[PDB]
There are 2 protein chains.
Amino acid sequence: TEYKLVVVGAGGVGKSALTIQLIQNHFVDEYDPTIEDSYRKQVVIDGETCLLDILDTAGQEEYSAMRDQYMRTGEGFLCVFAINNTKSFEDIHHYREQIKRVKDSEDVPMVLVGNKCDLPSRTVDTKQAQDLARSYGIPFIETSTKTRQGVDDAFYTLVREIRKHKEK
Amino acid sequence: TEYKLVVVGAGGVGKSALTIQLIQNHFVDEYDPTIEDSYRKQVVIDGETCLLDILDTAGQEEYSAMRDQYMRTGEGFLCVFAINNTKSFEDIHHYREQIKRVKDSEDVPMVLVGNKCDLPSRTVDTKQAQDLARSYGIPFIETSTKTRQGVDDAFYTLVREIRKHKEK
Ligand SMILES: Nc1nc2c(ncn2[C@@H]2O[C@H](COP(=O)(O)OP(=O)(O)O)[C@@H](O)[C@H]2O)c(=O)[nH]1
Ligand SMILES: Nc1nc2c(ncn2[C@@H]2O[C@H](COP(=O)(O)OP(=O)(O)O)[C@@H](O)[C@H]2O)c(=O)[nH]1
């Protein structure tokens, strides 16, 4: 019964960087003698075993058949833009709308993430993003994989959102 | 109407290299005024529009929730090992068995691919792989992304296998 987390957003916003850094600080080896080699790696976030996937829509993924499958399988979504990329922020709404459509749900656990908050070349203000998150009813947090600001908190917040959804 | 191709195999066998090289030689821009920016990139193989996905089970993908979803969505599978990696050849059968189980089908279009055939350090003989492919009833081809040997033929053969399956 793992929690299934999906990281979504425009190309180049830092989805891989965020996910790698999370794994780096939260993976453990678990003994499980029912599997071939007797040990498996898992990620534990806020007490929950989590699966992690990245949904990219550009580049090689312009050729993928899997977008809607990622949206159906994911239980909560980190919706990532970069604070120095206005287009990436503008693209968020499309992602959120597609997820809601594919999941046929108005209550999907989500956290809005403004990554690269170490950069001095900001074009998306914290207030713009907070306003967006408030409209959606979801948390917003700024992150940087360079300084580590916010990264753990973004994923832990998403886990708490999934947990509250599952307890409904 | 798109043919959905999935490249599967152990980490490091060359799945990304094969897929990138295929895209490089077969992508086209298509005019489509129904979509946002009026042009979309597509891959055309043997006259068919194809979608391309890579199923990796190790590394970051040890944490993925999506393996069975890739297997359900894919219509044909390139099962890739490397000719200098005996373990990757040994791992093929497990992949094939899982695909058949998930798809609940004895007739799944597949091609067996022995990649890195430019390398002089061979530990998997062509006969070993041909014997495996014959048992499965599927084509086998050796490829190299370094010399380009076989790469186009592997994907074109898979498209023909899917086509014949769809005409049944
Ligand atoms: N300054 C800065 N660069 C970052 C940060 N996170 C990622 N990057 C860089 O942004 C680029 C894109 O990151 P990547 O993880 O590949 O993005 P993805 O395409 O969304 O997976 C890379 O060069 C990363 O080094 C961050 O918090 N700050
Ligand atoms: N010599 C040789 N190396 C290859 C070939 N295809 C891929 N490689 C290398 O093998 C490594 C793994 O390739 P990659 O595509 O990342 O494998 P994947 O993990 O299966 O996606 C990389 O260093 C590639 O450069 C090939 O045909 N010949």
Side-chain angles (χ1 to χ4, degrees), chain A residues 1-7 15-24 26-30 32 35-37 39-45 49-77 87 90-91 94 98 102 155 162, chain B residues 1-7 15-24 26-30 32 35-37 39-45 48-77 87 90-91 94 102 155 162:
Chain A
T1 181
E2 291 104 342
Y3 279 33
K4 296 165 196 61
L5 316 191
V6 176
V7 183
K15 300 183 304 296
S16 175
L18 283 164
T19 304
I20 292 168
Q21 185 165 110
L22 191 282
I23 295 163
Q24 284 173 334
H26 293 96
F27 91 89
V28 298
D29 215 6
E30 188 209 355
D32 178 356
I35 75 193
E36 294 186 356
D37 304 332
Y39 299 82
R40 54 174 156 73
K41 301 261 192 319
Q42 72 173 357
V43 170
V44 179
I45 304 172
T49 303
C50 295
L51 299 175
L52 304 165
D53 281 289
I54 300 173
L55 178 51
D56 204 29
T57 61
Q60 200 148 121
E61 272 77 21
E62 60 212 318
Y63 308 107
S64 181
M66 300 295 297
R67 177 195 77 206
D68 290 355
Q69 289 279 73
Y70 275 72
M71 295 179 174
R72 278 190 297 267
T73 297
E75 291 173 326
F77 301 79
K87 181 67 164 202
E90 296 175 344
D91 288 336
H94 178 67
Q98 287 185 317
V102 171
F155 284 96
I162 294 165
Chain B
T1 44
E2 289 119 338
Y3 277 36
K4 300 169 197 61
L5 280 47
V6 173
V7 184
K15 299 184 304 297
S16 293
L18 282 163
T19 305
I20 292 170
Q21 186 165 110
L22 185 71
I23 296 166
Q24 285 170 334
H26 293 98
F27 91 92
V28 297
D29 218 357
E30 286 297 321
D32 179 358
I35 59 108
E36 171 180 12
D37 298 315
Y39 299 82
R40 60 193 323 158
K41 301 268 194 312
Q42 299 195 302
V43 169
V44 175
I45 305 169
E48 310 300 341
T49 303
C50 296
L51 301 176
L52 304 166
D53 282 288
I54 301 174
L55 180 50
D56 206 28
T57 58
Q60 200 146 304
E61 275 76 22
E62 63 211 314
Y63 308 108
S64 179
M66 299 295 298
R67 178 195 75 204
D68 289 358
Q69 289 280 72
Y70 276 73
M71 294 179 175
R72 296 188 188 96
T73 297
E75 291 175 322
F77 301 79
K87 181 60 168 156
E90 298 176 342
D91 288 337
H94 177 66
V102 172
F155 285 97
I162 295 164

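Labels below follow one simple rule: chain letters A, B, ... track the order of the sequence lines, proteins then strands, and each chain is numbered from 1. What's counted below: heavy atoms across the whole structure, side chains too, no hydrogens, waters or symmetry copies.
Considering NE2 of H26(A) and OH of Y63(B), their distance stands at 12.0 Å, rounded to 0.5 Å. Annotation: the span from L51(A) atom CG to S64(B) atom OG amounts to 7.5 Å, rounded to 0.5 Å.
Heavy atoms of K4(B) lying under 4.5 Å from chain A belong exclusively to its side chain. When heavy atoms are compared at a cutoff of 4.5 Å, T49(B) does not approach chain A at all. Only the backbone of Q42(B) comes within contact range of chain A, with heavy atoms under 4.5 Å apart. Heavy atoms closer than 4.5 Å to chain A are found nowhere in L5(B), neither backbone nor side chain.
Side chains of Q69(A) and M66(B) form a contact here, defined as non-hydrogen atoms less than 4.5 Å apart.
The two atoms that bring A65(A) and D53(B) nearest to each other are N-OD2, 2.8 Å, heavy atoms only.
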* To do: List the steps and the verdict of side-chain contact (heavy atoms from CB on, under 4.5 Å) for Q60(B) and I20(A).
  => CA-CA 8 Å; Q60(B) 200 146 304; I20(A) 292 168; 3.5 Å; yes
